Every structure is written in C-alpha cells, then in structure tokens.
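> What follows is a single structure, and I will ask about it in a moment.
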Amino acid sequence: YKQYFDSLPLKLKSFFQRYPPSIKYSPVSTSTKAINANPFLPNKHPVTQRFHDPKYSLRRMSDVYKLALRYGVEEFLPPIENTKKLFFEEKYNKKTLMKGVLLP
Amino acid sequence: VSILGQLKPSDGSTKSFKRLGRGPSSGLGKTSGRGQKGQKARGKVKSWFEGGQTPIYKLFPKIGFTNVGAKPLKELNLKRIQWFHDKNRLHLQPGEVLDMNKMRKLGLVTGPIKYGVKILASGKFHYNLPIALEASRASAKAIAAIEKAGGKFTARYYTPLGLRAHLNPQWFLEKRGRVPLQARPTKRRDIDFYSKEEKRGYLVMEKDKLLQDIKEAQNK
Amino acid sequence: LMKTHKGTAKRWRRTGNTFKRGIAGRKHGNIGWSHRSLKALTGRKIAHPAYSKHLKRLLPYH
Amino acid sequence: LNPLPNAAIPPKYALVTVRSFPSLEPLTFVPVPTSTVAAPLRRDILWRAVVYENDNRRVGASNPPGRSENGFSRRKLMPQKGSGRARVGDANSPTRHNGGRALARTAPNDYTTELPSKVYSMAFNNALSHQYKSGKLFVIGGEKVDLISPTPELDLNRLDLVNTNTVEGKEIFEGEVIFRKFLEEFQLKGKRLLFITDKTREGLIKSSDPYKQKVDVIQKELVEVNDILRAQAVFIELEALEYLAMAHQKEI
Amino acid sequence: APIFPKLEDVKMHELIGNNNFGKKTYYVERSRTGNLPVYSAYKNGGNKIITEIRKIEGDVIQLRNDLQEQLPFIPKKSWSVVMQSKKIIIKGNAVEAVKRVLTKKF
Amino acid sequence: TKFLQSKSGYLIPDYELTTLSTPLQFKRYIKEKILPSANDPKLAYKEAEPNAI
RNA sequence: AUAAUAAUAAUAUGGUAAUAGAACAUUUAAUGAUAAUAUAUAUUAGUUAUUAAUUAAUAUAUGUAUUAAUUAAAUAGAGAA
RNA sequence: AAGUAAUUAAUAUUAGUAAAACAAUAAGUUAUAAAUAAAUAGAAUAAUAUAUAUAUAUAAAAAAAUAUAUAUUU
RNA sequence: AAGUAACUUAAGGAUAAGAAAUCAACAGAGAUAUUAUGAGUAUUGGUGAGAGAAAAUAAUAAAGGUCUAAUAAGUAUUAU
Ligand SMILES: [Mg+2]
Ligand SMILES: [Mg+2]
Ligand SMILES: [Mg+2]
Ligand SMILES: [Mg+2]
Ligand SMILES: [Mg+2]
Ligand SMILES: [Mg+2]
Ligand SMILES: [Mg+2]
Ligand SMILES: [Mg+2]
Ligand SMILES: [Mg+2]
Ligand SMILES: [Mg+2]
Ligand SMILES: [Mg+2]
Ligand SMILES: [Mg+2]
Ligand SMILES: [Mg+2]
Ligand SMILES: [Mg+2]
Ligand SMILES: [Mg+2]
Ligand SMILES: [Mg+2]
C-alpha cells in the first residue's frame, strides 16, 4: 500500500503531504486563519476582510484533480464543489447546452 | 581488391554541371551565358518584372475568400473498399463496423485524417459488401449502393480532437489514463446536417439526447 | 524559404494544372454597353500559356 | 496452353558456417536468407550508400576569409579620379593580393546528403552478399544455436580473447600473442580486418590495438557499408549478423 | 518468426545452386501489399507513356521473350529491358495486359 | 566438407559449400581453383592486383 | 534485338549572342600493387590524329608516388578588369 | 584575380519503393477526384458519351467548360 | 531598411523568461526556454514593395514547483 502511494505522481504526492486527508477541509469559503481552509477556494482574511487568492491556483488545482481521478484518490483531496470547475464525465452530464445550441 | 575503388552511379543518374566563365571553346566563355551588357548581364532584374506595364498580378480583380471555417474531408470511394475486400486486406470480425479508425488501421485511408472522411461512389456498381460503414459523411449515391449491398451507413460527427481520439485511443490512454469524451455538435450547421435522415446522420439514426433537448427547448 | 505572392494568390486560384482568374473591365462604366456583350466578361478565365511560368514562380506552393 | 513456361521459384537460404573464434573452426552451418547474404551485386546502390556515408562523415572546416571577414579598413585607398591609376575601393577586394577571397566559404560547411532508408538497407545487404561471395565473411558463434561439431577447448564461441588484461610475468600479454598467432595462421597480417561485435569486447580491442591501422573492431549498431566493403575479411558475431539481417530486411 | 531457421527444417532444394534458377528461368515477386509490379509511367512531361515491370529475379531476357509470345499484338521493337536494375519497359500503357499474362504464374 | 577442409589444409568458401551438391563437384572445384596456385606460387591470386594475367 | 572494331551506299559537319553533348590538365578525400634496373621534375630529340601522355638520352632530387583505375568533390585552367 | 553557399519552389534523368511514397515516437507533407468565390454537393439507374460529376441555370433535361467510367483500380 | 548600425547606461556567470487574470472551444490542455512539423497556412499590406502567427504533435531539458504576500487603487477601465 505504502509502495503504491509512493508510486503516485509527484504533484499529487506533494499535495497530500502539505494538505493531508485527515483534516476535513471546508466546502465553502472560510477565514484564512482557519485550519480547515480549502486551498482551492478563495478564503477571506479576517482582519483586512479581503479575499486571498486560492493557495493552489486554478490550473494547479485542476491538474491535481485530474491526477486524483487517474489514480482513484478523489475523495482524499478537499472538495472542489464551490470552485466552478467540473471535470470529464460529471462535467459532460451536469452541463446545460448553450442558449445558441438550444435556441438559434 | 575491395569494391570501394570501383563503384559508379547508375547510367543516367549524374550529370556535369554547366561551368561558366572558363575559356572560349568551353562554350560558356567570357559573357558566361549572360548575353551582352544589359541589366540581366551584370545585376538582377526580377523574373516576373513585366517592364512597367500593369502586371498579371494587378490587371485582374481579386476573387473569392478563404473559408477558414472549412474542414475538408478526405474522400474514400466504395471502389477502393471493394478492391481491398477482393485482395483479402479488409479484415473485419462479424459485427465490427468499418469506422474511420478502422479504415486508417487497414490502410484504406492513408496519410493524415485531419477533419474526417467522406465516402464517395466511384465503384458503386461492383460494390457488394454487407458490412456497416461509419464516416464523417457519404455521397447519396454511395449510401444507396451501400443499402443495396445490405450494408448500413451512419454519418458521425467528430471535432478535430474527438476525431484524433477515435483514430488513436491508445495514445490518450498512455498519456492520461483516459480517452477523451466525444463532443456534441455546437454549431448550427453541424446540428442540421446530422439531424437529416437523408444524410444518415447519427443524431436522428441513433435518436440522440441533444436533438430531444433542442425540441424541448423549442416547445418551451 | 520562398513565399507566395499574396496579390497574385488573391487574383489567381488553382485549377488542376492551370490557374483561373476573374475578367477585367466590369467594375464601372457598364451602362450604355450591350448586356449580352458584357456577359462575356462576367465569368472566369484560364491562364494564358505565355504567363504560366511567371504564375508558377509567383505561387511556388500551388 | 503454357503461358510462362520458364517461370520458377528462387532459392531462399544460403548456408554460412558458424565458427569458434581464435581458430576459425567449422562448428555448424546456419542458413541465413538469400536476401542478406546472396543478393545480386548492384554496384549503383552500393555507390549511393558509400557516397552518402562519406558526405555524412565530412567535417567541413574550410573557412577562408571573404572581403567582410578579412580585416582591412573600409577606406578608399586612392580617389576615384585624378590618381593616374586604376580605380580602387577598400583593400579587402579579391582582385588585390592581400584582400579576402571571392565567394568565400564559411565553416562549418554542411555537406550532409540524404538517402532513402530502404535504399540504404538494400546497399547494406548487398555489401554483405558481396563479402560472402568473395569468401571474406567469417561468422563466429555457437552459443545460441544447436551445434554439429563441439567447440574446441581453448577457443570460445564469442568474438573475444581471454585474460587480455592480465599481465604478470612480463610487459607482453597473452591476448595480443594469440591474435598474432591467429593472423599468422590465416595469412592476413597486412590485410584490413573488420570485427563486427554485438556487445563491447574490451579484450579484443586491446589485442587489436597493436594492429590498429588495419584492424577495425566495430559494434553491431555502428557498423557501416564503407567499413564492410573496405575490409579484406570481416569477422562477425552470429548474433550481430542476425541483428543486422533483422534491421535491413524488407518489411512485409 | 525466426530470421535464421534451424538446420533440420531447411531442405536442399531451398538452398542456392540447386534447382537451376539461373539458367533460362525467372521469378517476378509481388509488392508488399501483394500486387503485380507493373506500372504506368508518364515520362518527358506526360508526353511519353511507358509500362514498367519491376522485381524480376533471374533471366529477364527469357521473361521478355515469353511476354512477347503471350502478347503478339504489341510490336517486337517496343520492349526495352534495362539490365542494370533488371526491369522491362514497354512503349504503350500495356499494364493491364501484362498483369493478366503474369497473374496465372506469379 | 569440414573433413575435406581439414585434410586439405585449405578453406573452401561458404558460398561454394552452399552451391556444390556432390563430392565430385567439390573435387572438380578444388582441381580448378586451389591446385594450380599451390603448384605455382607466382600463378596464385593476389588481392591488390585481382585482374592479373 | 547488345557492345566494341572494321567495311560499303547515302546525307550532314563556317559560325557571334545562345542552347545541347563529350573529354582532358590541376588539387584534395575514399580504395590501392609496385620500386634506385624505381619514381618525380626539367631539357633535348622521337612516338600516338597529339591542350595530353608516352619512349630514349642527359641532369638533380628522393629508399620513394594518396601512383594506374573508379568514384566523390573543388580557392579546378588567365594576353585582356 | 570572377556563377559560390544557405533556405526554398518548379521541371527533367536515373535509382529505391509503388496505390502508395517519405517517416516509424506520434505528427506531418505529397499522391489517391474533378470542381466551385463559398456552402450540408461529388463521378455508367441497363455502358463511351448520346452516360455520369461539378460550376452557371433548373421541375428535370438541353446548352459552355473541364473531369470520371470500355483478369484488373491510377 | 530597423528597433538594425551606432552612441549611452547597468548587471551576472550567464542574463532574460517562468508556475496562467495562459490557451482553447463545450472536447480538452496545464510554467518558461530552443528547435522540427503545423506553414509561407490563417492574418496583413500606397491590399505595392513586401511583412506573417497561434492551437496541436514531436524532440532537447531539469526533482520542476513553490510561497516569501496580513492578496494588492490613482490600479483595472474610459477618453485622447
Ligand atoms: Mg558562344
Ligand atoms: Mg546593348
Ligand atoms: Mg563586357
Ligand atoms: Mg541582355
Ligand atoms: Mg459581339
Ligand atoms: Mg553528393
Ligand atoms: Mg559547327
Ligand atoms: Mg582559380
Ligand atoms: Mg599568369
Ligand atoms: Mg591563352
Ligand atoms: Mg443557382
Ligand atoms: Mg519594423
Ligand atoms: Mg534569473
Ligand atoms: Mg493577487
Ligand atoms: Mg487579487
Ligand atoms: Mg489607451
């Protein structure tokens, strides 16, 4: 099991190291000071009241998610609900067709 | 002795290059083929410089436009398929359709299939194959010939990425552990084409979800 | 490397082993002339063999 | 009635004797296909291969200074008129004795030509076939294949000398001596030799080094058409020969 | 599958210098895809058509003679056999006829 | 063929071995090629001058 | 049904600009016997329908042709600036 | 002491392979279908053009142009 | 012609660039640099002279991601 984990791609492994799955990170935006602050969401800083940009910028987050999908390790990553990105089959199914497609 | 000191080119391969400015009896003597004394003698005028008259790239009006939205399909005639079958190169298991990927594999179509394949009817008389075909589209006559043979055509939509995936699914698996999903037709023209029963478009023939959704939207 | 003469490309299009072009003299001053006579100038025209070589040199990738 | 009376099926396998190295002793025959070892000797193809290879080999270091490259000033030496002498510009002109060269090359000159891969393969086969015909293609092996006659006690099936690196008594060593003895036996002292190995035979090349000017030890991958043809007698490993055949076979 | 077969399976007639293939006999090998090597060629700027026949093993002269016998309708003059590469050129587009003649044996 | 080579002292080439189908043929070949050269060393084939008379 | 050489009959063979075909000298690279009775260069006189090479004599060098030949190439040929 | 080199395009001759070629990692270029400004069009319904394909035109033909078809695809 | 020659200034062993307010197109990719194809294609021009991408696929390449910022205002945007 440990060997299989080690065999995972580098970026994914790094992510797991620095945001581990024992902590249930929040689905919604949170305080930046919070422990359960989602790195994919923009969390608000409590003093200044300014939204900090996500700790994992959107491309990196997407890459991480794709890696998780590849190796079946999605649920151990923190939730990507309130980040607007969907991926692959879920994206395909859930999306509404454009107004131009349905109503030319 | 080694052959290495007795090798010649094949007769008719090589030539002596015309060597100028190297004596009178050579032929290409002092003037070196230039003629005598003009601009072309010692300098450079352009080959297509017409003298000052309005040139043949100016007299005439500029015509047409380049349709950048165009995506030219590679044409495959029924005749070629028939020939392949006769030669026993058309390897198909029963039930397996002769798709664009399959055609490429076989060597029916060859070179890069960028946008798709159209099936044309240049040997529709001697076509007698009951196998099922699937391409970007087919000629009406070709379709009729296929039907007569006891075959079954389906015009299938493929975006360039989707087409590529279809042709070489293993590459995508190797790279990413997952072949990409086949796109819906976003364009209006594309939707219209595959919604035609006369074209044997996949949206009507398979009774697709997109078409139904469009109909529902129209109703509402 | 060599490149296409863009004006020539705009004027001339390929037709097998020749080039086709539009006719000159049908952009203004058409009124007064016979319409039947003018219909000669409406279509396209194949390149004359005199300037075929020139056209080839202008359009190396055609 | 009979359409093509003289039609027939050609022969497809030539026997090459598999030998033990130090002393070229027949161990077995091995039927290599006719296309590799007994093609009709087409000179034109061979020529094409050789010239192409030679062109590839070129260093192309010719670098004479043109009138720009040459290092004089740009100043006009004598005024256009009123000098009583011929018209001159700068001192770099090809016309003058210290000036730069006209139409000067500039290194590194690229002399690389191309060849179709199939043509090259055909040439490679052809050279090998020619060598076989001559009686200058010594296939050494017996490790993989099933033998008829057993290998000798002091020979070995691969193309190498034993205990070459060992040198305890005197400065002279044994592998060199063995090589010299071999040369003496087969009457090829001054002749060009070409040892086509499969893997790096370090001891063999050490043994050769005395006769480096005539003996060329090459790998299976880096062997050339030129190398094969120049050779007065090639000494190829069976495995290496197999590999070459596989490489330059016409695909089906 | 194996490039060099074993010594047992190879017959004597399969070897070189057996069955007399050189003397007045020939073979015409098919292409990779499995077709007869007979081709139209449009030389001198599409002006000179000629039919080329490739991949001939053995005696080309004999083969040419046999083809002439088969096709008397083509003249005797128009059969140029180039000896360096061993291929036999015919003047017209006489490809299909040649193929028909060859098919039965090759 | 190996035996013949060993007794002879000379090497019969691989192509030749492939070609010749009988002992008689081998003998004839030997008589043709090696024998005269063995008899007279000036008559022997030289490599650098292959077209010698 | 070809190639080389030689016969016979016929026709053709002045040439600037130009086009086409075929050779030679020189230098380098690949292959490469041989040897002071030899090789190279020069001079003189012979020879071969001869920008070339060869024979002999004479001279000077060298223990010796990147030699003959086939290929690959060129800073490849000078009474004209 | 003077027609040279590089990157390209078009012809020709030969050689390799050939309905494919080059390349083999895929990708690409050329060929395999002719057109048309362009479009969702594209080559015998029962044979040589008197048939068919495309562009103009049209209900569909005819008409101009080019192309495609008479054991084996070029 | 050319942001070339030149002059001027400033740095380092290299500099520059670099982990998307990027591309793409309803499928997707995943920093930058250099090269090959894409392609002399799209694009543009007193529509003359001429100029001319990108996506995508390959190589070369290194572990290539990673916080150092309390997440940014006379800024984005607009007019000129
Ligand atoms: Mg002249
Ligand atoms: Mg004048
Ligand atoms: Mg003059
Ligand atoms: Mg002039
Ligand atoms: Mg009139
Ligand atoms: Mg060359
Ligand atoms: Mg004359
Ligand atoms: Mg000179
Ligand atoms: Mg002089
Ligand atoms: Mg003179
Ligand atoms: Mg209309
Ligand atoms: Mg500018
Ligand atoms: Mg830096
Ligand atoms: Mg920010
Ligand atoms: Mg911000
Ligand atoms: Mg502004």
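The way I read the labels, and the way they are meant: chains A, B, ... in the order of the structure tokens, residue 1 as the first residue of every chain, and ligand 1 as the first ligand shown, with later ones counted on from there.
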Could you list, as a list in words, every residue of chain B that has an atom within 12 Å of an atom of chain F, counting only C-alpha atoms?
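Only these qualify: residues 1, 2, 3 and 5 of chain B.
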> Could you turn the residues from that selection into a file that holds C-alpha atoms, as a JSON list (two decimals), in the first residue's frame?

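Output saved as selection09.json:
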```json
[["chain", "number", "residue", "atom", "x", "y", "z"],
["B", 1, "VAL", "CA", 40.76, -5.78, -54.29],
["B", 2, "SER", "CA", 37.91, -4.10, -52.39],
["B", 3, "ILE", "CA", 34.89, -2.95, -54.43],
["B", 5, "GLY", "CA", 37.59, 1.73, -55.59]]
```
> May I have the residues within 12 Å of residue 28 (chain I) as a PyMOL selection string, using only C-alpha atoms (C1' of nucleotides) and disregarding those fewer than 2 positions away in the same chain?
(chain A and resi 62+66+87-88+91-92) or (chain B and resi 159-162+165+172+176+178-183) or (chain I and resi 23-26+30+55-56)
> With only C-alpha atoms (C1' of nucleotides) counted and 9 Å as the cut-off, give the residues of chain C in contact with chain H, each with its shortest interatomic distance in Å and the pair that gives it, as a Markdown table.

```
| residue | atom | partner | partner_atom | distance |
| --- | --- | --- | --- | --- |
| C:1 | CA | H:8 | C1' | 3.9 |
| C:2 | CA | H:8 | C1' | 4.7 |
| C:3 | CA | H:8 | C1' | 8.1 |
| C:15 | CA | H:35 | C1' | 8.5 |
| C:16 | CA | H:34 | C1' | 8.6 |
| C:53 | CA | H:10 | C1' | 8.9 |
| C:56 | CA | H:10 | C1' | 7.3 |
| C:57 | CA | H:9 | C1' | 7.3 |
| C:59 | CA | H:9 | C1' | 8.3 |
| C:60 | CA | H:9 | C1' | 4.6 |
| C:61 | CA | H:9 | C1' | 6.9 |
```
> Restricting the output to N, CA and C atoms, write the selected residues as a PDB file, in the first residue's frame.

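Done, and the output landed in again05.pdb:
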```
ATOM      1  N   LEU C   1      13.267  30.668 -46.777  1.00  0.00           N
ATOM      2  CA  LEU C   1      12.497  29.929 -47.833  1.00  0.00           C
ATOM      3  C   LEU C   1      11.719  30.873 -48.758  1.00  0.00           C
ATOM      4  N   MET C   2      11.143  30.295 -49.809  1.00  0.00           N
ATOM      5  CA  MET C   2      10.387  31.030 -50.821  1.00  0.00           C
ATOM      6  C   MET C   2       8.994  31.273 -50.259  1.00  0.00           C
ATOM      7  N   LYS C   3       8.310  32.311 -50.737  1.00  0.00           N
ATOM      8  CA  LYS C   3       6.937  32.581 -50.294  1.00  0.00           C
ATOM      9  C   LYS C   3       6.024  33.070 -51.410  1.00  0.00           C
ATOM     10  N   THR C  15      -6.476  25.471 -60.745  1.00  0.00           N
ATOM     11  CA  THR C  15      -7.445  24.611 -61.438  1.00  0.00           C
ATOM     12  C   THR C  15      -6.716  23.454 -62.120  1.00  0.00           C
ATOM     13  N   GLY C  16      -6.403  22.424 -61.338  1.00  0.00           N
ATOM     14  CA  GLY C  16      -5.649  21.271 -61.826  1.00  0.00           C
ATOM     15  C   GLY C  16      -4.199  21.632 -62.096  1.00  0.00           C
ATOM     16  N   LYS C  53       4.437  30.238 -66.620  1.00  0.00           N
ATOM     17  CA  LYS C  53       5.733  30.158 -65.935  1.00  0.00           C
ATOM     18  C   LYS C  53       5.886  31.229 -64.858  1.00  0.00           C
ATOM     19  N   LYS C  56       3.561  30.383 -61.932  1.00  0.00           N
ATOM     20  CA  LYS C  56       4.207  29.321 -61.153  1.00  0.00           C
ATOM     21  C   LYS C  56       5.273  29.866 -60.206  1.00  0.00           C
ATOM     22  N   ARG C  57       6.108  30.760 -60.727  1.00  0.00           N
ATOM     23  CA  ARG C  57       7.168  31.398 -59.938  1.00  0.00           C
ATOM     24  C   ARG C  57       6.630  32.291 -58.825  1.00  0.00           C
ATOM     25  N   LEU C  59       3.633  31.836 -57.382  1.00  0.00           N
ATOM     26  CA  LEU C  59       2.932  30.931 -56.470  1.00  0.00           C
ATOM     27  C   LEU C  59       3.687  29.598 -56.396  1.00  0.00           C
ATOM     28  N   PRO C  60       4.762  29.524 -55.579  1.00  0.00           N
ATOM     29  CA  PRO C  60       5.554  28.289 -55.570  1.00  0.00           C
ATOM     30  C   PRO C  60       4.849  27.088 -54.922  1.00  0.00           C
ATOM     31  N   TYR C  61       3.898  27.349 -54.022  1.00  0.00           N
ATOM     32  CA  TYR C  61       3.201  26.303 -53.265  1.00  0.00           C
ATOM     33  C   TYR C  61       1.774  26.087 -53.779  1.00  0.00           C
TER      34      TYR C  61
END
```
> Given a cut-off of 9 Å, what residues near ligand 2 show up using only C-alpha atoms (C1' of nucleotides) and all ligand atoms, put as JSON, numbers by chain?
{"B": [36, 37, 38]}
> Can you pull out every residue within 9 Å of residue 8 (chain C), counting only C-alpha atoms (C1' of nucleotides), but drop anything in the same chain fewer than 2 positions away, and send it as a PyMOL selection string?
(chain B and resi 56-58+62) or (chain C and resi 4-6+10-13+55+58-59)
